[PDB]
Each structure stands twice: as structure tokens, then as C-alpha cells.
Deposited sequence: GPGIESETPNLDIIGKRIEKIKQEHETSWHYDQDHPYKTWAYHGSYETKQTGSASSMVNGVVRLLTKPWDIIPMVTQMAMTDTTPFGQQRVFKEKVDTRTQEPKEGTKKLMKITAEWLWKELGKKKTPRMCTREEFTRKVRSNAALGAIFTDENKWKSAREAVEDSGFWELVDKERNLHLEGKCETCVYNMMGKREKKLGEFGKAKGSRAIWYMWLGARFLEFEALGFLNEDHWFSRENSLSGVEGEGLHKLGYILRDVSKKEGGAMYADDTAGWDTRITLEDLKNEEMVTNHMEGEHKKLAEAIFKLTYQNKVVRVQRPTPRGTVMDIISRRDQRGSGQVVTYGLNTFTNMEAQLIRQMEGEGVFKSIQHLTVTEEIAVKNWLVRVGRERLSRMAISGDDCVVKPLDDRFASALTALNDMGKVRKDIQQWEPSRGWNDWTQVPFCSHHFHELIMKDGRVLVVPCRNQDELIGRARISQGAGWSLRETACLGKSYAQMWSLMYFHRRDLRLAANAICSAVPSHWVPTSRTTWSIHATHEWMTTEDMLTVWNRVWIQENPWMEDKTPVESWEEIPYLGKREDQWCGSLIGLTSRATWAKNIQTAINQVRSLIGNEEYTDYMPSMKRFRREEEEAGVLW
């Protein structure tokens, strides 16, 4: 208890001994409170004027315009401890899953060179403000790596001093760059070495890309079985138990030497015991503590979410197939039956799933899965927006299944070849592209972020009439040689390569579901959804506002070119039939 966290607490107390006080009216219930101190400050969501000026029809669509405007009483709930039968099911399953994931991989420590290369191209790692300005500065300075060195040797000594979370259905738990390095050093291999790739994990999709997720769902659909289930969990990160953290920690059983010691420390001292500083208006800073729930950096969180979700869904599959009878207790022969199931058909059962962190699609052996709820609820993974004991509603058509905020269309090219393409409501796509994050964006940086969205649209959403037209307009309106940016799925659109060449590489050449490798020699060979399907998915095609926008597009492009000024521009609009004489 306070042996593990006291050092961190004591140290913060001493840096604000002018301010410390055990406030009487603290709202914390399931979090342990410890004390308070004075600060005062927070950033918010800003509009990208380049994208907004080139999407005028959406200026009167509330779903688009309201996205730019703007429960922490879910983080302060409790989760009951699972029954002994559930704990046994999770231990056997976790044990077996780490061995499967380990068969063709070697756990290993990640390098400062790898961490530096991360900072020096802006990954979302989750640092905080006072000694150095940016991450890029602290990395390049020897004094930083000295503070790292101190903390590191405390971790090998089985102690912690500076590894503290700053809180803010989200809740990003930022740490100082230092504690982020130590997390990445110990557990970075899970992401860096693709442990949850589809090849390695069979259920996972890590690194597959939005242009492969539809093909993966269609391959699951080919399995003999029942409906496709895609039940979301209510607040997955808040439902991670101590039993889940212990089963995740068993990855250390496959490690050795310093790496093993460094990993056991991250699990024991920063994951299964945490220290958090939370801002409160009544503006003070509350040091609070907890043992359960997910508080890692967001890349390790993805990997351990995927692991624990794969485990949870194999157990729900076991329940549907009648492998065990009751969560209360597992008989000795039930243990053997569960081991024999895992070892005999476990790999086949993983291949009937697509799992991306807390998000899943399962095509089970049959529809007994739908009412197999006892283990899932008792593991605390309670389904969102359905009564606790109401059977799951499955999907009969893989093209209706939601996964990673999308659905997927089958799209026949004029030449008969078949594309499986990602899609979501077009108001969501346009609303997002109209938003920037943070202060001090130049016009140039704003234009380059617009261009990132435009190239993503050309590559992923080419089949939506409004997005191909808007993407061509943004790329005409931004100087042709300016490089797409973003301050924080493989990102093939982040390039100054010609987008038709990239389309051909992604959808034809490197596409394992495309046998005929004949290139496309124009955008006009690349199809759209049916006009009615485009409208169902949110197209404005058929509206007068949209007709005027399309007809007068060069006037909008010219308005943005006039603001940016005298630069080298390209006209991409004649790549579309209707602007080509």
C-alpha cells in the first residue's frame, strides 16, 4: 500500500508544503484522497479555416457545425471482484494466450534511439510542461537522461518516486516524458514488434490499415457459424480489474535479466498502484490513488486492451459452446476440458474474431454465444446500451457490422474487380476535418493539416462523391509541394507522392485480396458507391446547396489561394469527368 506509493506522495507534499491541506469536502469515493495544493489553468477545439472555406454547404448542417463547439463520475465507480471460477478461466486463458503470442516473437527492451525517433516525428506519447520546452529539447539534452537514470535505478531497486499520472468516454492520463520512456523501454516491444498483428495474434488488426479492415471482416464472414456480434463495453478502461492487471503482468514470465526487472516494476509500481493529480474548481490539485482500472500510456493501453479483450471473447465463446457450466467454481475435469479446447481449436476460435483494443467483432460457432453472459458480466465487461441479462443482437450481413467507427461496402469496379472500402456517416468525416487541436497554427500549418485530411479522403473515401470533390478542391487550393502534417492504422496519405500512384500501390499492387494487378491509369476508372447508398451514408448530392458548391468550386479554390498568396498551385479538378471540358 503506502510503502509502494508514499515516496511519490511525500515528494509532491514537499514541493507544495506551503499549500498542502487534507481538504474535508473532497468528492472522491472509490479513489483514495491524500491532499491538495494551489495552481490555476486548463486548450480547446479550433476550426480549420482552409477546410471550412472549401466545404460551404456543411456550414448549415448542425451535425457538422456542433462538432466544433464545447461523466468523470464514471472514473469514480467500483467493479466487484470476480468469482473463483471466472479467475481460473482468465488465468488458464491468459497463460495460453501469452504462449501463443510468444511462439514467433521475443520480448525485448526498446532503445533510446527508438524513443528519440518517436519524439522527432510527433507520436501521441502524452508528456507535460517545468525544465525543458518540448520533448524534442529534453531528448537532445544529457540532464534529462540523468533524471531518467535516477528513476530507472529506483525501479530495479523495486521503488518509484516520479511516475505520477495527470488526469484530464475518454481520460488521457499524461506522465512526464521520463516515466513515458521507462514504460516504452519495458513494454514498447508489444507495439514496436507487432505482437497484435493479424499474422501473429490471429484476432488482432494492429498495423493492418483502414483499407484492410473490410477485407478482414469479409474473411471472418466466410467462416461457418452464427451471426456477427459487435458488443461495445461500457467504459472498458474503468472496468479493468486487479485480476486483469495480474493476467497482463504474466508477459514478464517470458522475459529475463534487466528487461524482466524493468517490466515487473512498471506493472507492480505504476499499473497495479497509481498516483494521479486531478484539477478541481472548488482551482486546487488533488493527489488521489487507486490499484485497479487502466492507467498506462495510450500505445501500451491499446496492446493490453487487445490482449484482455481477446481473452474475454475466447471465454464468452467457451461459455456458448458449453465448455464449462458455472462461473462459481471450475471442477478439475472442467479445467482440463478448457485447456484441451484452447490447445485443440483455440487458434481457429481466435481467427473468428477482429479485435482492436476494447473494440471487437466475433463470429462464434453458433448463436448460443448471444445469451452466454455470465462470465462476461462477472469479468466486469458489462455491454453498453442493453440490459445486463438481455441476449446480444447479432448482425446477419458483414457490410452492416460496425468496427473501429466504420462499416464496409463491397464496390465493383467497371472492369469487374472487387474493392472492400471503409465508410462512415459523411457528417462525421467533414466535421472532424474542420477541427484543429492547439495554439499557434500558422496559415501554412493549417493548410498542411487540411491537405492531410484531403489525401486521406482520396485514398480511403474516394467512393463518396462529396469527399472526392472536396479532396480535389483542398489539394488544388494548397500549394502542390507543401507537405501534409498532423501533430499526433498505417498513414499512406502522409506523402507528397501523386495520390493516383499511392491509390494503385494500396488498392491493387500490395492488396492481397486483388489477384489481377493491372494498374488504374485515371481517377475515372475508380468507382463511387451507388448514388442512393452515398445519400444513405450522408451525401448532399441532389441538394441545390451542393449543386452550386460543385458548379462554382474554382471560385472557392481561388478564395483560399488568394489568402495563402502567390505560391505554385496545381488544378486537380479535371481529374473528375464533370470538370474535364
query	finding
Missing segments of the deposited chain sequence, listed N- to C-terminal	1-9, 52-53, 82-91, 151-153, 193-207, 322-324, 531-535, 629-637
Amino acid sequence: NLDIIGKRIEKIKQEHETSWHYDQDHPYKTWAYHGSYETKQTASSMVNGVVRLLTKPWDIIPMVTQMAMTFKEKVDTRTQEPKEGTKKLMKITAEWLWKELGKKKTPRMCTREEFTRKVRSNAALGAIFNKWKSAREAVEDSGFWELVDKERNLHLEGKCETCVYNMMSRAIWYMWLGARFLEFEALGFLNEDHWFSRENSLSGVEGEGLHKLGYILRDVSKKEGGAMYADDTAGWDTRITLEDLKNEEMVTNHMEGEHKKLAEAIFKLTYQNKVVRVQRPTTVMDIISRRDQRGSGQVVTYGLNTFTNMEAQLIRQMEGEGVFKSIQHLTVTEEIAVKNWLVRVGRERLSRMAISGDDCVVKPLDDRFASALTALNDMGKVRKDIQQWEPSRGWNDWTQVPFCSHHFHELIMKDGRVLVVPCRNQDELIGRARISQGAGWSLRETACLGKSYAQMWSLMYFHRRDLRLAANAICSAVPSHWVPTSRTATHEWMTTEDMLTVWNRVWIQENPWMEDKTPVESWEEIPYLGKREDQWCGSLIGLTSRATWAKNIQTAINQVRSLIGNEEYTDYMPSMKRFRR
From here on, numbers count along this sequence of modelled residues.
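Only the largest set of C-alpha atoms that superpose within 1.5 Å between the two forms is called the rigid core.
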{"property": "Stretch departing more from the displayed form, 568-576 or 17-25, Cα RMS in 9 other deposited structures of this protein (core fit)", "result": "568-576"}
{"property": "More variable segment, 264-272 or 289-297 [Cα RMS over structures in 9 other deposited structures of this protein, core-superposed]", "result": "289-297"}
{"property": "At least a third of other PDB entries omit residue 169", "result": "yes"}
{"property": "Coordinates lacking for residue 535, a third or more of other entries", "result": "no"}
{"property": "Stretch with the greater mean C-alpha B-factor as recorded in the entry, comparing 79-87 against 342-350", "result": "79-87"}
{"property": "Comparing 322-330 with 405-413, the one whose average Cα B-factor in the PDB entry is higher", "result": "322-330"}
{"property": "Highest-ranked of 527, 62, 27, 57 once sorted by CA temperature factor in the record", "result": "27"}
{"property": "Peak C-alpha temperature factor (PDB record), options 281, 431, 207, 357", "result": "281"}
{"property": "Position of residue 537 among the chain's modelled residues by C-alpha B-factor, lowest, middle or highest third", "result": "lowest"}
{"property": "Third of the chain, ranked by Cα B-factor, where residue 383 sits", "result": "middle"}
{"property": "Entry-reported Cα temperature factor of residue 394, expressed as the chain third it lands in", "result": "middle"}
{"property": "Third assignment of residue 419 from its chain's C-alpha B-factors", "result": "lowest"}
{"property": "Third of the chain, ranked by Cα B-factor, where residue 35 sits", "result": "highest"}
